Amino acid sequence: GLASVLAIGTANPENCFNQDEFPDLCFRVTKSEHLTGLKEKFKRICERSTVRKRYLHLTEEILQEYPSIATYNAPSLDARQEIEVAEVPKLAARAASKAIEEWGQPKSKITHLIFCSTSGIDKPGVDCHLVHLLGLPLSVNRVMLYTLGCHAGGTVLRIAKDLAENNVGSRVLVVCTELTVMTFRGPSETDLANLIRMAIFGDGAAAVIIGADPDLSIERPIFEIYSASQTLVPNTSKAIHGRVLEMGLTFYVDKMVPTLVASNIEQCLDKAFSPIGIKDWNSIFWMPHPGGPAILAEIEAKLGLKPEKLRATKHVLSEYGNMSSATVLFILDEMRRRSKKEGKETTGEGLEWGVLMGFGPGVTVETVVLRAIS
C-alpha cells in the first residue's frame, strides 16, 4: 500500500524567451543598456547556463505597467503581489486541470490539496483561490507551503506520502507553481548572485495525483513513493538566502553549493538505498533538481555517473530553465513519457529504482526513493 503517482500535468506561461535573445532584452527592459561590461558578463552566464528557453509571466508590457519591478531595488512588493496573488492560482489551475484530465476521475474524489508556491503570500492563500478556480471540494484538506523553495518538490512528495497512506481512499492533488515575478529585478555590479538568478530561473507549474492502493480498473501507478527524507547540511545557512522585503524576494546562492551538494550526496544516498541493498548509483534512475549545470556536473563527477543518466534532468533545464520546486516534477513527466516512447521495460528508464532530490535553502537536501512500475 505505497503512495503512488497516478497522473502528472504541467503548464507554463504563454510567453517564451529564447536564451540567445535574453541578454539584449533584459538590459533593455531594465533600463540598463548603458552598463555594457555587465551586459557582456550576463551574455557569458546565459551561454554557460545550458538553458535554451524559459517561460515567464513577465512581459515587456507588464514591465512598463510596473516600472518598479524593472529596477534593482526600488519598492516593488505591492506590485509583485498584485501580479502574483492573481496569476499563481491560474497557472496552478492549468497544471492541475491537465493532471485531472490524465487521471480521468472526478474532481470530487480529491481529498487533499498540497500547494507549494514561493509567490503571492495572501490570506486566504492561493490554495483557497485554487479551490474556487478549479472547482475543488470545499472539504478538501489543504496544506499550503509558502516560500520554501527550491527543494520543496521533494517536500510535497514527502507530505503527500504520509497523507495518501494514512487516509484510506484519499486522493491527493499536489501542485507546485513557481513564478519569478517576486524575484525579478534589474542588474547591479555589486550583486553577482542576481545575474545567476536572471539567467537560470524560469516559470512553471506541475501537479500530480497521489494515492495509495489505486483501483487498477481506473488508475495505474507511474511511480511509487517508497521513502522520503529531509536533511540539513551543517554550517551552510546563508549558502542560499532570501527575504521578502519591500523590494520583493531577495536571493543569494554561494559558490560552494555545487561542490557542497556533491560532497553530501553520498550520505543521503546511502541512508536512502541501504535498506534496498543498492550501492551502484548507475543502476538507479535519476531526478536531481538542476539548480544549474554545475550541480549536475559535480554530481556526475563525484558519483561516477555515466553520461546518459541525467538526460531527463538536462532536458528539463534546457527546455524550461530552473523552475524551483516544480522542476523535479517536470523531470518525472519527462522520464515516464520518454520511457514509453523508447518502449523501455519500466516507467523509470527501464530500471526498477530511482532517486528524486531537491536542494534548497538550509542547505536542505530532500531525498525521495521512487519505484518504477511496468
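Numbering starts at 1 and runs along the sequence shown.
If you average the C-alpha B-factors over 151-159 and over 67-75, the higher value belongs to 67-75. Relative to its counterpart among 296-304 and 161-169, 296-304 has the higher mean temperature factor, C-alpha atoms as listed in the PDB entry. The entry assigns its greatest Cα B factor, within the set 206, 113, 136, 239, to 136. Per the deposited record, 192 carries the highest C-alpha B-factor of all listed residues (175, 287, 192, 143). When the modelled residues of the chain are ordered by their C-alpha B factor, residue 185 lands in the highest third. The PDB entry assigns residue 15 a C-alpha temperature factor belonging to the middle third of its chain's modelled residues.
Residue 211 sits in the lowest third of its chain by CA B factor, as recorded in the PDB entry. Sorting the modelled residues of the chain by their CA temperature factor places residue 366 in the lowest third.
Sorting the modelled residues of the chain by their CA temperature factor places residue 62 in the highest third.
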